[PDB]
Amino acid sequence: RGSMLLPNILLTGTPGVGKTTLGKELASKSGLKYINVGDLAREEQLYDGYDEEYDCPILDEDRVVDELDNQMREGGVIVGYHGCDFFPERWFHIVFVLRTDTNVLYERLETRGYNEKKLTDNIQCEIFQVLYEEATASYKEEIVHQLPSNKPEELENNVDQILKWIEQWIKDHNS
């Protein structure tokens, strides 16, 4: 019922940690909408510049924000991306940074067929905790949380914890 106020959630962390697997499952089991920012920019061609080095077009951050702004004002969206400093702070009610042990994350990305230089850049992003610090610099510390994401059983505990959070938030914000 388009009579209920619904929350917005950010899922962030290094490529490989489990963001899209977790977001699709939360969407199926809550009725909220999951948007993968990478897939959105491909579908709507939201790019400015090309990367010869990595062989890929470069994300246009301001056109991403314009494209999503009205949907975000209406509520009930889960957003997934490997960055977060350029999103409006007002968009999110809670932020989760997914974390994966370096040994486990290395094997996930190798099987996806990343080359040597791509492997190294992402493994260093995780061991230096880059996305965790970006989140704490951009949102209030009490709404930012780290989630372990190394095995099926952790995926299952994350789904259960976030589904319960969503049910309690809806009760508190529809008196």
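Counting begins at 1, following the sequence as shown.
Practice item. Averaging only over Cα atoms, indicate whether 11-19 or 153-161 has the higher B-factor in the PDB entry. Key: Stretch with the greater average CA B-factor: 153-161.
Which has higher Cα B-factors on average according to the PDB entry: 139-147 or 114-122?
-> Taking the mean B-factor of the alpha carbons in each, 114-122 is higher.
Exercise for the section: Check where residue 109 lands among this chain's C-alpha B-factors and tell me if it's the lowest, middle or highest third. Expected result: For residue 109, whose C-alpha B-factor we compare with every modelled residue in the chain, the answer is the highest third.
Among modelled residues of the same chain, the CA temperature factor third for residue 70 = Answer is highest: the recorded C-alpha B-factor places it there.
Which third of the chain holds residue 4 when residues are ordered by C-alpha B factor: lowest, middle or highest?
It belongs to the highest third of the chain when residues are ordered by C-alpha B-factor.
Exercise. Going by the recorded CA B-factors, say which third of the chain residue 128 sits in, lowest, middle or highest.
Key: Residue 128: CA B-factor falls in the middle third of its chain.
For residue 28, return the chain-relative third of its C-alpha B-factor as stated in the PDB record: lowest, middle or highest. Highest third, going by the recorded CA B-factors of the chain.
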